[PDB]
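Colleague: Make a model of this:
(4 chains, ligands or ions: 7)
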4 protein chains.
Amino acid sequence: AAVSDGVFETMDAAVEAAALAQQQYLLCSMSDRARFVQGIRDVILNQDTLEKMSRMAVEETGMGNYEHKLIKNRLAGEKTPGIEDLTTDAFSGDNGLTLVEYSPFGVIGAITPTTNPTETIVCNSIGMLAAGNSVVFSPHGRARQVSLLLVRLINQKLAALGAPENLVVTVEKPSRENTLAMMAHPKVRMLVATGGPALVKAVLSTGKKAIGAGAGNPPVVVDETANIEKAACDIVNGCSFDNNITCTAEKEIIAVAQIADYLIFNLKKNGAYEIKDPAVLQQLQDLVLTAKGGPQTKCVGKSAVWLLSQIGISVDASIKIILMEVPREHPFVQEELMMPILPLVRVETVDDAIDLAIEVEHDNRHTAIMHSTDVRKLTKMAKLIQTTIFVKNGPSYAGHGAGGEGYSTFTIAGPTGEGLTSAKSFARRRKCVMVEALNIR
Amino acid sequence: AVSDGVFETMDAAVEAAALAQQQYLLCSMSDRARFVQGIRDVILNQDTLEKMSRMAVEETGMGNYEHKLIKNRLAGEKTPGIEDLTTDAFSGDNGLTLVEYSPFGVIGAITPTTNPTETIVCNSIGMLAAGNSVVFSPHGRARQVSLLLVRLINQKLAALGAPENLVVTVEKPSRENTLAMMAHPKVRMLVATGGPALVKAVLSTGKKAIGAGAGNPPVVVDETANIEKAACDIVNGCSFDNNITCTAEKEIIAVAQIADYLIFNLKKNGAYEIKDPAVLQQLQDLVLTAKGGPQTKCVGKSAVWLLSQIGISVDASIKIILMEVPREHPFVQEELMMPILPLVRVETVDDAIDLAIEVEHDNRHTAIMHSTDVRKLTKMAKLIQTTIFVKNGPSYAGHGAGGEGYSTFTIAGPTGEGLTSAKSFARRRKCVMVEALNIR
Amino acid sequence: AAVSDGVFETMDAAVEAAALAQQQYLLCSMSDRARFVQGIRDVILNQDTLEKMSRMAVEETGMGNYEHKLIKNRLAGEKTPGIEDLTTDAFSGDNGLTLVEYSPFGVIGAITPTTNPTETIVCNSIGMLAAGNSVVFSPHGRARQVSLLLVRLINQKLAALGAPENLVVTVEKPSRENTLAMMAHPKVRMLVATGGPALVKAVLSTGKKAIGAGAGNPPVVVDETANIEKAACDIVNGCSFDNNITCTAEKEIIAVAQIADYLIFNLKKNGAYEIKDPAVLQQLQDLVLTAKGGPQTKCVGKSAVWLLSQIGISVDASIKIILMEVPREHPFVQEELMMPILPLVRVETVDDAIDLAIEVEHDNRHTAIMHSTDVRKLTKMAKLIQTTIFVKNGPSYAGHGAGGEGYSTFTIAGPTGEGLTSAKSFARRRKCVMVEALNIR
Amino acid sequence: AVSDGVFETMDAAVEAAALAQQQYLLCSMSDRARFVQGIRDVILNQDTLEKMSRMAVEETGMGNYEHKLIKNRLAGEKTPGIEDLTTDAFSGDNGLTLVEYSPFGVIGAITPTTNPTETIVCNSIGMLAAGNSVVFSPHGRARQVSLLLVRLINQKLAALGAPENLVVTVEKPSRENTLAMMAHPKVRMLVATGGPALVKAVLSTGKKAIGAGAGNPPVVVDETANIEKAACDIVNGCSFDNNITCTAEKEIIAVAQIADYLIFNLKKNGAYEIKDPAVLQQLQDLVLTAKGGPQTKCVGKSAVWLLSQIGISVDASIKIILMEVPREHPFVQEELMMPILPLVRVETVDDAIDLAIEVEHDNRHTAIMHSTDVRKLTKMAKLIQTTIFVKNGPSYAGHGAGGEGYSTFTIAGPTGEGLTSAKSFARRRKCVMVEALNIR
Ligand SMILES: NC(=O)c1ccc[n+]([C@@H]2O[C@H](COP(=O)([O-])OP(=O)(O)OC[C@H]3O[C@@H](n4cnc5c(N)ncnc54)[C@H](OP(=O)(O)O)[C@@H]3O)[C@@H](O)[C@H]2O)c1
Ligand SMILES: NC(=O)c1ccc[n+]([C@@H]2O[C@H](COP(=O)([O-])OP(=O)(O)OC[C@H]3O[C@@H](n4cnc5c(N)ncnc54)[C@H](OP(=O)(O)O)[C@@H]3O)[C@@H](O)[C@H]2O)c1
Ligand SMILES: NC(=O)c1ccc[n+]([C@@H]2O[C@H](COP(=O)([O-])OP(=O)(O)OC[C@H]3O[C@@H](n4cnc5c(N)ncnc54)[C@H](OP(=O)(O)O)[C@@H]3O)[C@@H](O)[C@H]2O)c1
Ligand SMILES: [K+]
Ligand SMILES: [K+]
Ligand SMILES: [K+]
Ligand SMILES: [K+]
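Modeller: Numbers count the residues shown, from 1 in each chain, chains lettered A, B, ... in the order given. Ligands and ions are numbered 1, 2, ... in the order given. Below is the structure in question.
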């Protein structure tokens, strides 16, 4: 009588275990699904586990900050849709009744990132189990200890609820070699990749159904009609949240010249440290960029204080982002730093900002933000930029369900088109036609 | 001048469609509506309808003229338009949120020789309705009819002021062209309607892909069924377009107590029963290959024609060839796509369901059941987990011809989209207006 | 001085107090509504108050039993829809964006039944407050003490939650004369009536928007294809639930002759006491009927043990209903007894049973039940009888959400056509048209 | 032989509709679709369309022919058919639950002289779509045009194989006949499109009744609005059908900074501004009664007509009569239903919203606002709480002409149905299949 904890020595064993679990899960009720989904929430939302997970992940990856991981972890456990997300469509007429249902895929193989290692395990497992699947996690090696502990905790709770063993599994030695082994396993029916563009292309080359949640470079546009004070507060909060490691965070400002100066003034009131010295700006570049001009790993997810500390500047906790006005070609603008480093580009009109916001978004079709009260301008940018998420007059994280209407998720699929994934995304659509019967209108 | 939609190289076609898509983004929803209506008019024009139905059967040698008239009309009438692109909305204290269906870009579509014109009509309507351009990569066996339809569509759209090259294809449809479309960097989405090899290929391209694979639809008949009604439905669904629809019945699983009565009524409604094993081996030698798969020359041929090729002369009233064989028999396991319908006898309805899942080969495509017991209909529908499940009717009722719902000719099982429509070819986007527009 | 407890001396004072409160309620947020809705749930689902309410109702009215009010009150508190029932429809296109919302009516005047006194208040208040209304409750004289107590407990919880005073109010001495005043008070902008056919025609004659939950006479049809063992168990549970005082409970069996005997056999196994002596059946009629021929108020809602004991028959607690086979003309068939007395009419064919079920239903179009595994026959009866609720192969209370899919209500509108009332039913449909803006598809 | 739908007595019509509705229950949804379409063909037929529009203004003396063509066409094109009767479904461990829209029975509709043909066409399509029969009780003034429409409908329905008397009316429409219909026990639901007195009476008949009340729609223009676009939209919406449509603009509330520039642009789009109070006092004496309410002889007359009745000659370019009066002015406070548009100047947008609510008289019918500030647009929509709210467009954009959504000519403020359609004329029914058909 040895109950599994869900962590296996090899990827092949994890997949076979999750496959057998999926067959048994098919014999369960929707009520059973709901109890297991509620068990996952209970795990992450238990105040102790919540605090450990949040602190443990920041320590192991060095990315993010504790207080905001508490919020994001809670957001995942509280506002990830459950079985209620699996609605039913019905059409009744002379030819009978037709029902359309969301049924399970089978064994799903999920690949999680280093920025949100626990939040993405919580969100994926809740939605995938709600849809009747089993999930194999290939986590980032840099998030091994915390990712594996969370899996063990989930299995523990699920075992106490009488669930079939191994609904959620991972490997004891997370590595890229194991990810590839999962991507190649015949019994994996669907891949869900949350990471960079290189990962998204890989899973879309396996011969399997695959949801790809790629990267972005979210611009935020502030036009002359905007509540500048509010925009400044929303932009600093949105940019500095979790030290800018959320895929939706603001990562460049495109301000209309008429209001640019007053914006910068209010930015500095809300904790923005403006770098005006072109020599100090070069020190920051040397610190955060690599030879290839890309973000330096050791700096990703560090506070603005820490980053300024590294170049000999000492500031207090009130400073949340580092701010600089630079040309549109600057690397900080072009690159996805994932740091509380926020460039600002000055443009003449609101239409110029929209054009440059589309250009600098690099056609990721991911996220973009705009501050403005003119319904016409809000409509124009939203229509043109064609991003999976578009926030107006609020912090970027309002698109995640924290501050805006809608549920929350941590797998945002721009490329593959599924949008803000939920249990619906991890389900096959089925049609059931009862001919000339059950039409009782 | 103005493009007829056909190009010499695949790279030329994709580039043309890519620019048309950019131009298409400037058009209104009203423009999409007219262009969609234009495609309906092209195929619902009685003369073009008859020409396309006849020309398709002649070129591919598969199907029959009268039933192509029905399928082509279904694709043009019941394929959803821009009304399929609905808007979700949530409003509360944090303002308003909208969820919309937006364009994917340039879509490359591979279409089947069995339903060459129906798929082009169904695909393009939904794809252009979602704001996309489409590059079609037909198969060689249907080259002429597919190119004629593309040109006709480009004509009608040009008369409606549409950006040129919304629907394009190459002059020499070939396998190497398909592989080029699959690799071109401007193709944002692939849509494959065909066999398992095509669906796996398309899913190995590093692109978003919809895979509408093959099936082996079993029809289960239990002891609670209306036997003579089930006999008529089975024969109609099986022989429709000579069985080349991916959803048509292709093997019967009958409970033993009613099997003799089912066979009886099947013969009363156009089934030629084969009881002599000598003739059964003849039919196998004709329609099977050395490896054991369906013979391409026999696919899509009527029951009369097939029987003629083994010296049996019957009248037009015969629509299917029926035989009672074991479950391991080739006709059961293989997707013949012919009006040849093997029957397998089992003891109980539970054994029928178990065998129905096995014989479906995890294609998870289509299954049929005849039964009046609501508990048994529910059991089989839940367990077989196919994309379409039809109860107490012909298989084509799940296509929207005799059943509720819209119609499609690309049914995605592996990739899970179900019955593809305009929504299938769109990305979901979310628009959050923070703390405004909540007017409740 | 102190906050109102919700009870007022005159009806005018309560309508005025609710009119002011509803205006203050417009200044509240959807998040506030949710807390107020959750407050009502917390009140009735508080284990002590739950038992207290279930006990008081049965004692003060003499109808129902304690164990089953525990369930009905819990159902009303757990499965009544909240604010989430107020969806939003959107339409985007060339002409812009159209929203359709559910908005408040204002002050709602609600008349509750003596049979379901606490359950209707919980259900009505939740739905009406979720929609942004204030409710004036006009309970019947019998349920005075329990009604005022629930109203006082609601006002108490809402006050702690910071709500405006007097969102839920009633009068100190409920009476027919107070109900009439409420029905004619100008500031009352909607009437929701849960009761008999007289009350429904009254509110529909006041010159106000009125919802009318009428009476019924639910027949249960059993044909030859039905699982008879389960049918008997379900019919007994559904008929005896709360001693038959729920408006949806089975109140006459229409059995196909071929299975009528085996049905009666299993009914007896499941707690049915059959009366075969016509002299004994006569004693029951003299007890439960009036001179006019209607149900005796004294006997409404009493258990089967009680009713038998009052004609000199003692039985143990395993008896739940009194069964007798009678002609269709019998008064137990024609009358809505609201007692655990269940007649059985034998017919030849299932088409005969369907024809008779329609007749006996008396065009109430309220509730009906059928037991059958034939999909053709289930459809036939459902289409033809055209009732607001139709239940198949289960106890009648599955239409209430207790054993069936959907939410729960205790105000089922047949005449006015709103169906299973919820928050939507107490809200006005509004259209907002943004011309040529916010069409960001 | 076949009835034409017109009956001498009310009891005969209601009895005929009752019998018709019984026979209607046996018809398929396909039949309803056909009957619904048949009504669309009746009014969209160009000859009838022009006949009805012309015959209506001539008989009633209200509105004008050009705009009745648009409204009648709107009623026939954009009134939802049977597709409005959607089905909700919930499936789980406890089985399947369907929610359907079923018929009420016999509906008694009361149509206004303002929109006599439009209301009949809209109500009949929706009521027949839901599966009901309708007994129309027109007003005396529109008798001839109403009865001609009913007769054309019964003719076309009779050709389509419909049960006789799905749509009926009486030969001599009167108030006694309206009261008879209200009391008849076989009338299951009453639908009232008219003034407040009608709504109260119909809600006192002991029946289910939808009441479409009156409105006094204000239009708020604030300093963030496109003044040129606003001036053009206001004149067009106010003058449309000479202001008889219940949703049309009937008073302007303008913020002070833009009031003069708004008046300036209103005149450039067809507004004759009155500044001589002596002339205003003439208009008051013409278009009002001794009591102070609208004069029935002036309702629905063009601005050119109303101006000539006080010795002022203008050409067909003048569409409305403009004047800036204080809040208490009769024009402002009364639902004139004439192209007479008063303006009230206010200091801030907040003052305008407060006055807009005040002047709307709690009818909660219609309100319009011109602004680009998403925050201020939201504030007025949230607070005024009207059934229809239009932002940055002419009022009639709420009827579906110029805005998103379907069209209706019965707008229920008091009873809360909103923009009525086939759904509004149906009962909600729940069907519960316990522990079966849960096939997910
Ligand atoms: N749209 C969203 O929902 C979302 C959410 C969060 C983050 N992101 C984005 O993802 C990135 C987050 O950081 P990250 O470093 O953890 O992402 P990552 O660099 O792509 O790595 C994630 C996983 O992908 C593996 N991987 C990468 N390329 C692979 C390939 N060709 N073949 C097989 N496996 C491959 C990685 O192995 P290795 O360990 O060797 O790299 C790792 O296991 C950011 O770009 C962020 O914008 C997106
Ligand atoms: N799920 C759906 O929605 C759906 C719909 C329709 C069909 N299907 C499935 O599509 C499949 C239809 O098969 P399909 O053949 O039309 O498309 P396909 O199987 O995917 O591809 C067949 C093509 O390969 C070549 N080919 C096949 N056999 C050949 C042979 N003996 N010799 C030379 N070339 C050969 C031909 O191309 P060349 O022109 O180059 O010779 C032929 O057109 C069925 O399995 C059907 O069930 C699915
Ligand atoms: N569709 C639904 O949702 C629904 C729900 C529940 C009930 N119903 C139907 O409502 C009816 C039950 O309603 P109800 O019982 O609460 O009220 P009721 O039966 O309509 O009448 C009882 C109330 O009215 C007075 N009354 C009438 N007859 C009386 C009598 N013989 N003796 C003393 N008082 C009498 C009493 O008022 P005083 O207290 O002032 O004496 C009593 O409280 C049933 O017909 C039921 O089918 C429908
Ligand atoms: K950047
Ligand atoms: K086969
Ligand atoms: K009864
Ligand atoms: K006015």
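Colleague: ok, now which ones touch the closest residue to ligand 7 within the stretch 101-250 of chain A?
Modeller: Going by C-beta to the ion, ligand 7 is nearest to residue A:225 of the stretch 101-250 of chain A, at 32.5 Å. From N, CA and C alone the C-beta is placed, and that goes for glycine too. By C-beta atoms under 8 Å, 6 or more residues apart in numbering or on different chains, the residues touching residue A:225 are A:372, A:373, A:374, A:377.
Colleague: quick one: which of the residues you listed has the most company?
Modeller: Within those, residue A:372 tops the neighbour count with 26 neighbours, counted by other C-beta atoms under 10 Å in any protein chain shown.
Colleague: how about the contacts of residue A:225, which pair is most distant?
Modeller: For the contacts of residue A:225, the farthest-apart pair by C-beta to C-beta is A:373 and A:377; their separation is 8.5 Å.
Colleague: count of residues packed around residue A:35?
Modeller: Neighbours around residue A:35, by other C-beta under 10 Å: 15.
Colleague: give me the element it is part of.
Modeller: If you go by DSSP states H and E, residue A:35 is part of helix A:30-45.
Colleague: counting contacts, what elements does that helix pack onto?
Modeller: The contact analysis (3 or more C-beta pairs under 8 Å, 6 or more residues apart in numbering or on different chains; DSSP states H and E) places helix A:30-45 against helix A:47-61, helix A:66-79, helix A:117-130, helix A:144-160.
Colleague: what residues are up against residue A:429?
Modeller: A:100, A:101, A:102, A:103, B:387, B:416, B:417, B:418, B:419.
Colleague: Just say helix, strand or coil for it.
Modeller: Secondary structure, DSSP: H, G, I helix; E, B strand; the rest coil: residue A:429 is strand.
Colleague: can you check the one 3 residues further on too?
Modeller: Reduced to three states with three-state DSSP, the structure at residue A:432 is strand.
Colleague: Kindly report the same for residue A:343.
Modeller: strand.
Colleague: Tell me how far it lies from chain C.
Modeller: Separation of residue A:343 from chain C (C-beta to the nearest C-beta, to the nearest Å): 27 Å.
Colleague: for that residue, what are its contacts?
Modeller: A:252, A:253, A:323, A:324, A:325, A:326, A:330, A:332, A:333 are the contacts of residue A:343 under C-beta under 8 Å, 6+ apart.
Colleague: Touching, residue A:49 and residue A:43? I think so.
Modeller: Yes. If you go by C-beta atoms under 8 Å, residue A:49 and residue A:43 touch, sitting 6.0 Å apart.
Colleague: what residues do the two have in common as contacts?
Modeller: Taking C-beta under 8 Å, 6+ apart as the criterion, residue A:49 and residue A:43 both touch residue A:153.
Colleague: returning to that earlier point: could I get the contacts of residue A:343 as JSON lines with secondary structure and distance to ligand 4?
Modeller: Shown next, in JSON lines, are these (DSSP: H, G, I helix; E, B strand; the rest coil; distance: C-beta to the ion, whole Å):
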{"residue": "A:252", "secondary structure": "strand", "distance to ligand 4": "4"}
{"residue": "A:253", "secondary structure": "strand", "distance to ligand 4": "10"}
{"residue": "A:323", "secondary structure": "strand", "distance to ligand 4": "13"}
{"residue": "A:324", "secondary structure": "strand", "distance to ligand 4": "12"}
{"residue": "A:325", "secondary structure": "strand", "distance to ligand 4": "14"}
{"residue": "A:326", "secondary structure": "coil", "distance to ligand 4": "11"}
{"residue": "A:330", "secondary structure": "coil", "distance to ligand 4": "9"}
{"residue": "A:332", "secondary structure": "helix", "distance to ligand 4": "6"}
{"residue": "A:333", "secondary structure": "helix", "distance to ligand 4": "5"}
